[PDB]
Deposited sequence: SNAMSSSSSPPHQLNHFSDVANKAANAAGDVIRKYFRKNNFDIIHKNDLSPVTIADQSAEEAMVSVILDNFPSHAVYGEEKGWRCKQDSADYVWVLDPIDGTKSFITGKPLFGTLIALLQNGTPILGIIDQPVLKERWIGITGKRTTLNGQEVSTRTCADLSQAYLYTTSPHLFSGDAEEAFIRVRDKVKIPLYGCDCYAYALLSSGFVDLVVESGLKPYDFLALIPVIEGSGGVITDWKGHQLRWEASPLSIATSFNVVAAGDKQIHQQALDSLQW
């Protein structure tokens, strides 16, 4: 069953990537391609998921929870295009995110960059892979040595901005720009810390098996389990995320955030 879930997840990603490639870089003139692409890619992923698993649920931004039954043990939580600003501006560092949750816990995550043809797959029980090769996070001696990413300086509001700044000022260097891709880099051992505020569950659940299966750590800003039980009544509110390659760095970050 678990290899069947992986095979179907890969089929979904293959379909989404062809759709997305059709619309990327079409907008260089003075519904938009990104909206069509998101919708069409989601439909292509859902269609193959539900053909293979009619008892499963799906969850996406626009349509919410959908299931032919009142309830489901298995829920696919999808974002065809995480990083729509990158997509719209022609930058190939957006990703397609696919998570499969069993009783609310992610058991499979994919980060797919269809232009670069890079696919990270996290599966509970397995080491994370990139294009079929195992990857690992790296150690990092101290927060002062850590390479930090976040999408944008402007995506922190209120007290979260002050907390971010506390961590930001302590790392080796803060870098910006690319949504889920930074977490993929962390999982491959090229980034030490990612700290973001205001992620919806379809933009973080796929990250969890990827990072954890690479040896990293990902929690909310209090260090609690990042969790969202997709259900008919779950609310897609936004969460604060901190991911690290090294658990000691993670703790240092938590101590600076003071959330």
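Of the deposited sequence, positions 1-12, 43-48 lack any modelled C-alpha atom.
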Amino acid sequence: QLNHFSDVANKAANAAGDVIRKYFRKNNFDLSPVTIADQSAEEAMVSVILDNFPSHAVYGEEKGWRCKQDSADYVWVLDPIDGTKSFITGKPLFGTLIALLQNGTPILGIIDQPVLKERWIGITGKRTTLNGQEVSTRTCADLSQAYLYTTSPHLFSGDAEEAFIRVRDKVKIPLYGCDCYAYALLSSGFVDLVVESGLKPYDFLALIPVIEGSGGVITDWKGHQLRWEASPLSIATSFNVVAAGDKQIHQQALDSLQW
From here on, numbers count along this sequence of modelled residues.
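We call the rigid core whatever largest set of C-alpha positions still superposes within 1.5 Å between the two forms.
In a rigid core superposition of the other structures in 4 other deposited structures of this protein, 58-66 and 199-207 differ in how far their CA atoms stray, and the farther one is 58-66. Taking the rigid core as the alignment reference, the C-alpha atoms of 150-158 lie farther on average from the displayed form in 4 other deposited structures of this protein than those of the other stretch among 170-178 and 150-158.
Coordinates for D38 are present in every one of the other compared entries of this protein that model residues on both sides of it, well short of the third needed to count it as often missing. Of the other compared PDB entries of this protein that include residues on both sides, all give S214 atoms, none of them, and so not a third, leaving it without.
Mean CA B-factor, 228-236 versus 197-205: the higher value falls on 228-236. Look at the C-alpha B-factors of 182-190 and of 169-177. On average they run higher in 169-177.
The top Cα temperature factor in the record, among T129, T105, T139, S152, falls on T139. Highest C-alpha temperature factor among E212, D220, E42, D30, as the PDB entry reports it: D30. Remark: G122 belongs to the lowest third of its chain, ranked by C-alpha B-factor as recorded. When the modelled residues of the chain are ordered by their C-alpha B factor, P80 lands in the middle third. Among the modelled residues of its chain, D112 has a C-alpha B-factor that falls in the lowest third, as given in the PDB entry.
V135: CA B factor in the middle third of modelled residues in this chain (values from the PDB entry). Among all modelled residues in this chain, the alpha-carbon of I249 has a temperature factor (C-alpha) in the highest third.
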